[PDB]
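Written out below as structure tokens is the structure these notes cover.
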Amino acid sequence: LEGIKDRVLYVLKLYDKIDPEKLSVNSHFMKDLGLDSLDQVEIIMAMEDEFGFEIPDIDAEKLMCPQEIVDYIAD
Amino acid sequence: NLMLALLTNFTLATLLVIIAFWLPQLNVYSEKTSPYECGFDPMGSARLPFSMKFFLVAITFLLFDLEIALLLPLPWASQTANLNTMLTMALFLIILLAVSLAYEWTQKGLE
Amino acid sequence: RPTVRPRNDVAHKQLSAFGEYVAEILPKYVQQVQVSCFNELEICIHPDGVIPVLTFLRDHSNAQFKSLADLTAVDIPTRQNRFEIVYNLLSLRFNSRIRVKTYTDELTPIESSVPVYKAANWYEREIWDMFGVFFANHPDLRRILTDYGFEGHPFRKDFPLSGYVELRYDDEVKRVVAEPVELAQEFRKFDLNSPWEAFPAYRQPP
Amino acid sequence: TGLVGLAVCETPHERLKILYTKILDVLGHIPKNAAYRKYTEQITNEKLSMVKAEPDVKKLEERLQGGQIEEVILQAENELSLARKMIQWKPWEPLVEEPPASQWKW
Amino acid sequence: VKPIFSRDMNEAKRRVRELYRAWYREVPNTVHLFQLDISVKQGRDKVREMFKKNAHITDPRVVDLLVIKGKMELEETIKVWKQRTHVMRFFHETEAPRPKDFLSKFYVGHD
Amino acid sequence: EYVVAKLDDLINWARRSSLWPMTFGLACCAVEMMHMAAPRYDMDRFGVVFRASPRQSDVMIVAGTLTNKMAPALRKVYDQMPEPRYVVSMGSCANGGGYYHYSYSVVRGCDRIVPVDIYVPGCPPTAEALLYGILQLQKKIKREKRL
Amino acid sequence: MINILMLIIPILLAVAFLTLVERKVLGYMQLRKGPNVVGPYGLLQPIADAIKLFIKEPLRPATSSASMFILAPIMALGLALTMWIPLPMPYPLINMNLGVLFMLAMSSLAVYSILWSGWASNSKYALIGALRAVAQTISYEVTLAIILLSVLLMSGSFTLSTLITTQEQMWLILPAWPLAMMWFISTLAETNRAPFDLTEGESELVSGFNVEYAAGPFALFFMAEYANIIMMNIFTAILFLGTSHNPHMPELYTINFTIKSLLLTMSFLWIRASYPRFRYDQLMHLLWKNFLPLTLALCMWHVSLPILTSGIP
Amino acid sequence: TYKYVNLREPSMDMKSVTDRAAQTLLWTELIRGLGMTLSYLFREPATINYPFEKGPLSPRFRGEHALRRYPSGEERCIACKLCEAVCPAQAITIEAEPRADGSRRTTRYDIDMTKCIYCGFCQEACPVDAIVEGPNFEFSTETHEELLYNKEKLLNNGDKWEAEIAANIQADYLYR
Ligand SMILES: NC(=O)c1ccc[n+]([C@@H]2O[C@H](COP(=O)([O-])OP(=O)(O)OC[C@H]3O[C@@H](n4cnc5c(N)ncnc54)[C@H](OP(=O)(O)O)[C@@H]3O)[C@@H](O)[C@H]2O)c1
Ligand code: SF4
Ligand code: SF4
Ligand code: SF4
């Protein structure tokens, strides 16, 4: 989708306890970036407010990378 | 003078407020609260519609008050005009007001 | 006996028939142990099904209790299973009192009495507050006899009488009332226990 | 005439006889060997014979109720609900559940 | 299968997450509607440290019991109840002792 | 010099004349607090007029047991009072728990929440002894503002 | 002008000395001793409250409103004390071109004191006592004008000076027998110390126009609310009482007029102690549903009477 | 027994309907209710003003605690820890050491008024009748420290009430 990767990366970089340049595109938030069990999916919850669509609890477990999150965001 | 009579009462009333406003002063802490009366923190912050319940009975007053104002000629008008011609017309306004209240009996409202 | 005995047993034989009547149904799902002493009846119930027992005693033609007025719970750490929910029941047409008990540890959820009784839900809130026993399929489990920001359960025998957080100073903060202060005045722990058993027959073999 | 409870005492005879005849058929579906069927039947059969014998007198209401027919009808109205619930949840017929830990003495 | 509690071992992990989402959205709402108190940024860090102390995960019975308890102490502002700025404040403000040193605690004389 | 010293006593005479209590329905002490309105032992327009509302009253009488659920509630009521305010903690619960004291919920002595000027020790606070709680209050008001 | 200043300062004292009667007569009604300690019979206590509530008591509301709120006790006194001016008395202060029209208009304008006190606190707790005060007054303004019209058509015009001269032999209580009974209820339209009353007293709900106000504004409200009770008592003693006129001797009128009013002054405090509150819904059912068809039937009756037998001013 | 609150309609025909309608049309019964408090105004009030007049009491009454002594000196309290155990509030504290030589009577004796529900238990439990409850009312302090009683001393200063206690205990022995 056009104009989806640019919007999601801007919101994730602004959030606290995250690297500004080290982790970007196709990198795991829990495995590569370094986040806690509750802190990893917490960034995905904040990203839902910026896009304007509610995310279910079942689909949230599968998402970890911004490249994977961009595909799930499109409906 | 009516103007001098009304203003002297009004100026004396507002002056008594100033006496109670400036004399008692020592400390004003963050102590005063929004709801008071019973205590605790206000669950209903600022303002919320509430409304209803008396919406029909209040509206009817605005409609009835105009008729009572139109009944005010009765003691002041019946002095020069003919009484027999007035009798049919003076009662007429009072009769129809009872008819409107008779329609108010068939389901008055939530009140 | 003139002042020695309180009352003579005469209805005890008729009350013993109740202890047989429910036992004649004979469920391992319900019955277990039936105890009857001092003009009263006590039944303890298996945790798996409590709601079917509560539908019984209510409505029934021979025993029409219906009113399940009082609802208590026991705090005891002697057994392997800790808490014990005790129902106190009363009949208005039959004029008799019967008791319903549970035996499980009930740190794990137990069946609720809200579909059977309408006032039992308020008593169910008392148990969850004081002890920490959750009721399954309960509508609105609100706190009554506990503070709004209270940790643990205020009645348990495992923790002290004075409590962890109890003392509330106003101190240096302008409006916020303090909580973390824990020191209180000394409650004298009476270590009194009289030698020799007062009563025969109550003594158990080791 | 007015009843004590909120439920108004409606002038209806044989109405009590319908509900008691209904519950007898419900009991004879699943439990037969169980005591729940055998013990409830003898109370109902004794009660139904009293209704047939007495011709609309207050003495029929005085037989194990003594609060008019309306109060006795409420016990019959909820009788069908408890009988259906007893058939739905298996407890009367089956007895195989586990027992608690050996401790009772306080 | 006794006792159920609410969910299985793996399903219990996502029940806490569902509770976390509802409470994460309430920290901006507990400032404007209630009181100024501290901060939005510092308030969110106070939430994270509460779950880290409770983090063990060994039995489904323990985890599910924390959810129901969490659906009362954190539900105190969901349907909006009075706390009066004395409740809900979990962290100590007037309590300043944090000594963990054999050298530090022994100088103050304790235990 | 002499007019200034007597004017301060004239302002203090108004508090010596009349003080409006608060109807704190907190425990059993509140029932004997209702006995102050009862004719046999009266302060009704002797120096006490019941009206409630914390904004209008001058004296608040804490009538019984206070808990941790009540500690934030009573505190701001005292703050809702006008600045010349007096607190009379009446009863053993108001002085540090009747029994309680070593209990989990009860706050000890009211002084932990709100400062108290006049103490009444009586559990069932006898109306005879309660009358001091208002009469000694008026006697304690002696001098205000020197400069 | 000296007469206006000689009708505020002694009148504020009458509202001050009311506080005695508010717990002396009400006290003996409840079998309890009222004012006793402060003065010889507690006579120094009413003047002590003026030293108590104004000089030392300081409160201003929290969240508040802007200019309004403190505007309301100015509206309380400055519209209820002005009501003393159109009063006929032995001799009136500036005799109106039409008397009772100014009495009815300023009384409805005096209701605004409890109305603006709703927006005194922005919080919703105070305005419930205000919304209740709307309906407990709005309905009773209908009959208050109608029952007046039946009396006014019977005797003279709107001018209050003619109402004294019309009662030379007998009172107006006897011809207007059911209408006089109505003016023990319809007078309690304004928030007054009564059993019927309005949302002002505590009992069940929080105190209206008192929970938002301090002491100083709240003290100023009582000096206006209890002032209206005397005002209605005098107004009933003009419309229904009279006894004698006598323009030559004002001394014989002034004593006789006060006794008639004072008997009515006790009667409202007699009502206050005796009976419970009528409820918000059911006070709207006393009038409108039940009393409004009765008053209009008597209004119909009082239209025919001057035509049946000559009765025109 | 059944008393029945329901009247089952007092009105029937002509005479019984019109009088029940007359009270609802005007007032009558409300004027009858008005006259009920009229007679109540006429009768004298049963009121007692405190600074001069005093209220009725009993020979056995409990107020502020005071400990008694023998007619020829000596402390009547023997130090048991008895009254300590009976005390539901645990307001009374007692620690004992031998008094010089021979007699062994008290060292610490504090009765906290922060607690104490006033039972008369300690008055009844005492075998030597040390704590005898007097008809006290006047107690008002600035601080908690002034309120709670110290090691006897203030409790020993119950001599100003012991003259009444001796008269009250004459009604106590061979009870009432
Ligand atoms: N502006 C600041 O915040 C600031 C900045 C820098 C440093 N400081 C320092 O911090 C301190 C702040 O204290 P503060 O100004 O908050 O105290 P304060 O409000 O002036 O209170 C002092 C109290 O002591 C009494 N008092 C003082 N001198 C007295 C005298 N000669 N005779 C009788 N009574 C007397 C007063 O009682 P009465 O009212 O009954 O007379 C008053 O209640 C100052 O001493 C200052 O050196 C303050
Ligand atoms: S001090 Fe006594 S009377 Fe007062 S509230 Fe406590 S227990 Fe009740
Ligand atoms: S007061 Fe009496 S019971 Fe208590 S220690 Fe003294 S002698 Fe013993
Ligand atoms: S009266 Fe009761 S509470 Fe008071 S000291 Fe004696 S035993 Fe203790």
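So for chain H, numbering is Swiss-Prot's, and the shown residues are 37-212, in order.
The header says electron microscopy, 4.3 Å.
Each residue, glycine too, has its Cβ placed from N, Cα and C.
Taken from Swiss-Prot as is:
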{"type": "DOMAIN", "residues": "H:104-133", "note": "domain '4Fe-4S ferredoxin-type 1'"}
{"type": "BINDING", "residues": "H:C113, H:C116, H:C119, H:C162", "note": "[4Fe-4S] cluster 1 binding site"}
{"type": "BINDING", "residues": "H:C123, H:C152, H:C155, H:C158", "note": "[4Fe-4S] cluster 2 binding site"}
{"type": "DOMAIN", "residues": "H:143-172", "note": "domain '4Fe-4S ferredoxin-type 2'"}
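Annotated features, which come from Swiss-Prot, shown on the structure.
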residue : record                          : Cβ neighbours (10 Å)
H:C113  : [4Fe-4S] cluster 1 binding site : 23
H:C116  : [4Fe-4S] cluster 1 binding site : 15
H:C119  : [4Fe-4S] cluster 1 binding site : 21
H:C123  : [4Fe-4S] cluster 2 binding site : 21
H:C152  : [4Fe-4S] cluster 2 binding site : 28
H:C155  : [4Fe-4S] cluster 2 binding site : 16
H:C158  : [4Fe-4S] cluster 2 binding site : 24
H:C162  : [4Fe-4S] cluster 1 binding site : 20
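Cβ proximity to the [4Fe-4S] cluster 1 site centre (mean Cβ of H:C113, H:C116, H:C119, H:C162, cutoff 8 Å) flags the following additional same-chain residues: H:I114, H:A115, H:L118, H:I130, H:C158, H:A161, H:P163, H:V164, H:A166, H:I167.
For the domain '4Fe-4S ferredoxin-type 1' (H:104-133), same-chain residues at least 6 beyond its ends with a Cβ under 8 Å from one of its own Cβ atoms are 139-153, 155, 157-158, 161-168, 194, 198, 201. Taking the mean position of the Cβ atoms of H:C123, H:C152, H:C155, H:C158 as the [4Fe-4S] cluster 2 site, the remaining same-chain residues with a Cβ inside 8 Å of that point are H:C119, H:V122, H:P124, H:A125, H:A127, H:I128, H:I153, H:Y154, H:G156, H:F157. Listed in sequence order, the binding-site residues among H:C123, H:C152, H:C155 whose CB lies under 6 angstroms from an atom of ligand 3 come out as none at all.
When the binding-site residues H:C152, H:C155, H:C158 are compared by Cα distance to H:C116 ([4Fe-4S] cluster 1 binding site), the shortest distance belongs to H:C158. With a cut-off of under 6 Å between the Cβ and any atom of ligand 4, the binding-site residues H:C113, H:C116, H:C152, H:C162 reduce to H:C152. If you check the binding-site residues H:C113, H:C119, H:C162 against H:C155 ([4Fe-4S] cluster 2 binding site), none has a Cα inside 10 Å of its Cα. In three-state terms derived from DSSP, H:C113 ([4Fe-4S] cluster 1 binding site) belongs to neither a helical nor a strand segment and is classed as coil. Secondary structure at H:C155 ([4Fe-4S] cluster 2 binding site), taken from DSSP and collapsed to helix, strand or coil, is coil. Between H:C123 ([4Fe-4S] cluster 2 binding site) and H:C113 ([4Fe-4S] cluster 1 binding site), the C-alpha separation comes to 16 Å. Using a cut-off of under 8 A between C-beta atoms, the binding-site residues H:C152, H:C155, H:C158, H:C162 that neighbour chain F are H:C152. For the pair H:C119 ([4Fe-4S] cluster 1 binding site) and H:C152 ([4Fe-4S] cluster 2 binding site), the Cα-Cα distance reads 12 Å. Between the CA atoms of H:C162 ([4Fe-4S] cluster 1 binding site) and H:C152 ([4Fe-4S] cluster 2 binding site) there is a gap of 16 Å. Residue counts of the domain '4Fe-4S ferredoxin-type 1' (H:104-133) by helix, strand and coil are 5 helix, 6 strand, 19 coil (DSSP-based). A straight line from the CA of H:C152 ([4Fe-4S] cluster 2 binding site) to the CA of H:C113 ([4Fe-4S] cluster 1 binding site) spans 19 Å. Here the CA atom of H:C113 ([4Fe-4S] cluster 1 binding site) lies 12 Å from the CA atom of H:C158 ([4Fe-4S] cluster 2 binding site).
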